[PDB]
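Chemist: Have a look at this one.
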Amino acid sequence: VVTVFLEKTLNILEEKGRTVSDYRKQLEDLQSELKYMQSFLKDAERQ
Amino acid sequence: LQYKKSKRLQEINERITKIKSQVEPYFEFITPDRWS
Amino acid sequence: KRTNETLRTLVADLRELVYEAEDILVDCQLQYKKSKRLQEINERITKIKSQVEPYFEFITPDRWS
């Protein structure tokens, strides 16, 4: 009657805490992906 | 905050991965001068 | 021989992975910190494989005197 709403507020704060830590992870992910994507685009022009 | 940039990274990573995943089976399906 | 650029970048990346993998592996001989180190390095290896592989799925491929 009361605590379900604020426990879901606890869950949305915990998800906000989840979606900060892997910033470095996704930065490394995107940089590696840009590297492989540009190597592929430089490859695919040759064929 | 890192929050907005992390969700931008999330969206662009997921779009790249989705495009790869849905393009790939079409390549799985089929296999493949000037003179004078 | 006769290798494209994606293969070159993948080889250059896997060498760095080999070095850090056999770097952290020597610390075998709490288990908590070493288990999470194993987790991070396994997941990075698997992620790199998964996101490299479709680029190879896309395309297919002297000296004398």
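By convention here, the chains of the structure tokens are called A, B, ... in the order presented, each chain's residues are numbered starting at 1, and ligands are numbered starting at 1 in the order presented.
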Find the residues in chain B near chain C: any atom within 7 Å counts, using only C-alpha atoms. Write them as a list in words.

Modeler: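 Going by the stated atoms only, the list reads residues 20, 24 and 27 of chain B.
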
Chemist: What's the 10 Å shell around residue 4 in chain C, counting only C-alpha atoms, without same-chain residues fewer than 5 positions away, as a list in words?

Modeler: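 After dropping sequence-adjacent residues, the list is residues 39, 40, 42, 43, 44 and 46 of chain A; 9 and 61 of chain C.
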
Chemist: Please build the interface table for chain B against chain A with a cut-off of 12 Å, listing for each qualifying residue the nearest atom pair and the distance in Å to one decimal; count only C-alpha atoms, order rows by chain and increasing number, and write it as a Markdown table.

Modeler:
| residue | atom | partner | partner_atom | distance |
| --- | --- | --- | --- | --- |
| B:1 | CA | A:20 | CA | 8.7 |
| B:2 | CA | A:20 | CA | 6.3 |
| B:3 | CA | A:20 | CA | 5.8 |
| B:4 | CA | A:20 | CA | 9.3 |
| B:5 | CA | A:23 | CA | 7.9 |
| B:6 | CA | A:23 | CA | 5.3 |
| B:7 | CA | A:19 | CA | 7.7 |
| B:8 | CA | A:26 | CA | 9.9 |
| B:9 | CA | A:26 | CA | 6.3 |
| B:10 | CA | A:26 | CA | 7.2 |
| B:11 | CA | A:26 | CA | 10.5 |
| B:12 | CA | A:30 | CA | 8.4 |
| B:13 | CA | A:30 | CA | 6.6 |
| B:14 | CA | A:30 | CA | 10.3 |
| B:15 | CA | A:30 | CA | 11.5 |
| B:16 | CA | A:33 | CA | 8.8 |
| B:17 | CA | A:33 | CA | 9.7 |
| B:20 | CA | A:37 | CA | 10.9 |

Chemist: Those residues you just picked out, can you put them in a file as an mmCIF file, in the first residue's frame with N, CA and C atoms?

Modeler:
data_model
loop_
_atom_site.group_PDB
_atom_site.id
_atom_site.type_symbol
_atom_site.label_atom_id
_atom_site.label_comp_id
_atom_site.auth_asym_id
_atom_site.auth_seq_id
_atom_site.Cartn_x
_atom_site.Cartn_y
_atom_site.Cartn_z
ATOM 1 N N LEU B 1 27.774 14.731 -15.223
ATOM 2 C CA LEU B 1 27.545 13.314 -14.991
ATOM 3 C C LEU B 1 28.027 12.488 -16.162
ATOM 4 N N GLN B 2 28.362 11.232 -15.893
ATOM 5 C CA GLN B 2 28.644 10.294 -16.965
ATOM 6 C C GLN B 2 27.392 9.635 -17.504
ATOM 7 N N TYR B 3 26.228 9.967 -16.948
ATOM 8 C CA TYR B 3 25.013 9.204 -17.202
ATOM 9 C C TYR B 3 24.525 9.383 -18.635
ATOM 10 N N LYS B 4 24.451 10.635 -19.089
ATOM 11 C CA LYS B 4 23.955 10.924 -20.430
ATOM 12 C C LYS B 4 24.898 10.394 -21.503
ATOM 13 N N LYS B 5 26.203 10.484 -21.270
ATOM 14 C CA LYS B 5 27.136 9.999 -22.268
ATOM 15 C C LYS B 5 27.161 8.484 -22.286
ATOM 16 N N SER B 6 26.950 7.854 -21.129
ATOM 17 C CA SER B 6 26.877 6.401 -21.094
ATOM 18 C C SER B 6 25.646 5.892 -21.821
ATOM 19 N N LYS B 7 24.513 6.595 -21.716
ATOM 20 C CA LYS B 7 23.367 6.093 -22.468
ATOM 21 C C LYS B 7 23.492 6.387 -23.957
ATOM 22 N N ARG B 8 24.217 7.447 -24.333
ATOM 23 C CA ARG B 8 24.514 7.652 -25.748
ATOM 24 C C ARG B 8 25.394 6.538 -26.297
ATOM 25 N N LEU B 9 26.413 6.144 -25.528
ATOM 26 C CA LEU B 9 27.238 4.997 -25.886
ATOM 27 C C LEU B 9 26.410 3.726 -26.002
ATOM 28 N N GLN B 10 25.453 3.532 -25.086
ATOM 29 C CA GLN B 10 24.586 2.355 -25.126
ATOM 30 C C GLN B 10 23.778 2.300 -26.408
ATOM 31 N N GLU B 11 23.139 3.415 -26.762
ATOM 32 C CA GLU B 11 22.286 3.442 -27.942
ATOM 33 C C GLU B 11 23.084 3.211 -29.212
ATOM 34 N N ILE B 12 24.264 3.820 -29.311
ATOM 35 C CA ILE B 12 24.990 3.671 -30.560
ATOM 36 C C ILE B 12 25.652 2.293 -30.660
ATOM 37 N N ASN B 13 26.071 1.705 -29.530
ATOM 38 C CA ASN B 13 26.596 0.347 -29.550
ATOM 39 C C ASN B 13 25.518 -0.651 -29.923
ATOM 40 N N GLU B 14 24.319 -0.475 -29.373
ATOM 41 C CA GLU B 14 23.259 -1.423 -29.651
ATOM 42 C C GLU B 14 22.761 -1.306 -31.074
ATOM 43 N N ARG B 15 22.782 -0.102 -31.649
ATOM 44 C CA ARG B 15 22.395 0.011 -33.048
ATOM 45 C C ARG B 15 23.413 -0.651 -33.961
ATOM 46 N N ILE B 16 24.709 -0.506 -33.656
ATOM 47 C CA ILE B 16 25.744 -1.166 -34.457
ATOM 48 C C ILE B 16 25.598 -2.683 -34.394
ATOM 49 N N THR B 17 25.411 -3.217 -33.184
ATOM 50 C CA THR B 17 25.310 -4.662 -33.029
ATOM 51 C C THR B 17 24.052 -5.214 -33.680
ATOM 52 N N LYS B 20 24.573 -5.360 -37.491
ATOM 53 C CA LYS B 20 25.393 -6.523 -37.832
ATOM 54 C C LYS B 20 24.590 -7.813 -37.787
#

Chemist: For the structure I just gave you, how does DSSP split chain B - specifically, which residues are helix (DSSP H, G or I)? Reply as an MDAnalysis selection string.

Modeler: chainID B and resid 3:29

Chemist: Please, could you write that set of residues out with N, CA, C and O atoms as a CSV table (one decimal), in the first residue's frame?

Modeler:
chain,number,residue,atom,x,y,z
B,3,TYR,N,26.2,10.0,-16.9
B,3,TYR,CA,25.0,9.2,-17.2
B,3,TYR,C,24.5,9.4,-18.6
B,3,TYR,O,24.2,8.4,-19.3
B,4,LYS,N,24.5,10.6,-19.1
B,4,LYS,CA,24.0,10.9,-20.4
B,4,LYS,C,24.9,10.4,-21.5
B,4,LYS,O,24.4,9.8,-22.5
B,5,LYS,N,26.2,10.5,-21.3
B,5,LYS,CA,27.1,10.0,-22.3
B,5,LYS,C,27.2,8.5,-22.3
B,5,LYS,O,27.3,7.9,-23.4
B,6,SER,N,26.9,7.9,-21.1
B,6,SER,CA,26.9,6.4,-21.1
B,6,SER,C,25.6,5.9,-21.8
B,6,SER,O,25.7,4.9,-22.5
B,7,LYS,N,24.5,6.6,-21.7
B,7,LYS,CA,23.4,6.1,-22.5
B,7,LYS,C,23.5,6.4,-24.0
B,7,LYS,O,23.0,5.6,-24.8
B,8,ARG,N,24.2,7.4,-24.3
B,8,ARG,CA,24.5,7.7,-25.7
B,8,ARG,C,25.4,6.5,-26.3
B,8,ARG,O,25.1,6.0,-27.4
B,9,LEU,N,26.4,6.1,-25.5
B,9,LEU,CA,27.2,5.0,-25.9
B,9,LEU,C,26.4,3.7,-26.0
B,9,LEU,O,26.6,2.9,-26.9
B,10,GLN,N,25.5,3.5,-25.1
B,10,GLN,CA,24.6,2.4,-25.1
B,10,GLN,C,23.8,2.3,-26.4
B,10,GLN,O,23.7,1.3,-27.1
B,11,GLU,N,23.1,3.4,-26.8
B,11,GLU,CA,22.3,3.4,-27.9
B,11,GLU,C,23.1,3.2,-29.2
B,11,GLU,O,22.7,2.4,-30.1
B,12,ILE,N,24.3,3.8,-29.3
B,12,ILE,CA,25.0,3.7,-30.6
B,12,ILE,C,25.7,2.3,-30.7
B,12,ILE,O,25.7,1.7,-31.8
B,13,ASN,N,26.1,1.7,-29.5
B,13,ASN,CA,26.6,0.3,-29.5
B,13,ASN,C,25.5,-0.7,-29.9
B,13,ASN,O,25.8,-1.6,-30.7
B,14,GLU,N,24.3,-0.5,-29.4
B,14,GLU,CA,23.3,-1.4,-29.7
B,14,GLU,C,22.8,-1.3,-31.1
B,14,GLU,O,22.4,-2.3,-31.7
B,15,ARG,N,22.8,-0.1,-31.6
B,15,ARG,CA,22.4,0.0,-33.0
B,15,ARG,C,23.4,-0.7,-34.0
B,15,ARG,O,23.0,-1.3,-34.9
B,16,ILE,N,24.7,-0.5,-33.7
B,16,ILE,CA,25.7,-1.2,-34.5
B,16,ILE,C,25.6,-2.7,-34.4
B,16,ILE,O,25.6,-3.4,-35.4
B,17,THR,N,25.4,-3.2,-33.2
B,17,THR,CA,25.3,-4.7,-33.0
B,17,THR,C,24.1,-5.2,-33.7
B,17,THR,O,24.1,-6.3,-34.3
B,18,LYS,N,22.9,-4.5,-33.6
B,18,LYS,CA,21.7,-4.9,-34.2
B,18,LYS,C,21.8,-4.9,-35.7
B,18,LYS,O,21.3,-5.9,-36.4
B,19,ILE,N,22.5,-3.9,-36.3
B,19,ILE,CA,22.6,-3.9,-37.8
B,19,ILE,C,23.5,-5.0,-38.2
B,19,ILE,O,23.2,-5.7,-39.2
B,20,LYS,N,24.6,-5.4,-37.5
B,20,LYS,CA,25.4,-6.5,-37.8
B,20,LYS,C,24.6,-7.8,-37.8
B,20,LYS,O,24.6,-8.6,-38.7
B,21,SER,N,23.8,-8.0,-36.7
B,21,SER,CA,23.1,-9.2,-36.5
B,21,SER,C,22.0,-9.4,-37.6
B,21,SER,O,21.8,-10.6,-38.0
B,22,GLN,N,21.4,-8.4,-38.0
B,22,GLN,CA,20.3,-8.6,-39.0
B,22,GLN,C,20.8,-8.5,-40.4
B,22,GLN,O,20.1,-9.0,-41.3
B,23,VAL,N,22.0,-8.0,-40.6
B,23,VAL,CA,22.6,-8.1,-42.0
B,23,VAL,C,23.1,-9.5,-42.3
B,23,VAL,O,22.9,-10.1,-43.3
B,24,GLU,N,23.9,-10.1,-41.3
B,24,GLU,CA,24.7,-11.3,-41.5
B,24,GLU,C,24.0,-12.5,-42.1
B,24,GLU,O,24.6,-13.1,-42.9
B,25,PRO,N,22.7,-12.9,-41.8
B,25,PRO,CA,22.2,-14.0,-42.5
B,25,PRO,C,22.0,-13.9,-44.0
B,25,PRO,O,21.9,-14.9,-44.7
B,26,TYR,N,21.8,-12.7,-44.5
B,26,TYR,CA,21.7,-12.5,-45.9
B,26,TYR,C,23.0,-12.9,-46.6
B,26,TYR,O,23.0,-13.4,-47.7
B,27,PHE,N,24.2,-12.6,-46.0
B,27,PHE,CA,25.4,-13.1,-46.5
B,27,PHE,C,25.6,-14.6,-46.3
B,27,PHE,O,26.3,-15.2,-47.0
B,28,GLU,N,24.9,-15.1,-45.2
B,28,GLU,CA,25.0,-16.5,-45.0
B,28,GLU,C,24.2,-17.3,-46.1
B,28,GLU,O,24.5,-18.4,-46.4
B,29,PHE,N,23.2,-16.6,-46.7
B,29,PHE,CA,22.3,-17.4,-47.6
B,29,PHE,C,23.0,-17.6,-48.9
B,29,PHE,O,23.2,-18.8,-49.3

Chemist: Set the distance at 8 Å and use only C-alpha atoms: which residues neighbour residue 17 in chain C once local chain neighbours fewer than 4 positions away are removed? I'd like the list as a compact mmCIF listing (two decimals) with N, CA and C atoms, in the first residue's frame.

Modeler:
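Just written: result15.txt:
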# COMPACT_ATOMS: atom_id res chain seq x y z
N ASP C 13 45.68 -7.21 -32.03
CA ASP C 13 44.92 -7.10 -30.80
C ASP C 13 45.02 -8.38 -29.97
N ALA C 21 46.80 -12.07 -20.81
CA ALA C 21 46.19 -13.30 -20.32
C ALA C 21 47.21 -14.17 -19.62
N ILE C 45 37.73 -11.09 -23.94
CA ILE C 45 38.09 -11.97 -25.06
C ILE C 45 36.86 -12.37 -25.86

Chemist: Please determine, counting only C-alpha atoms, which residue among C:20, C:1, C:6, C:42 has the shortest atom-to-atom distance to chain A.

Modeler: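 For chain A, the nearest of the given residues is C:6.
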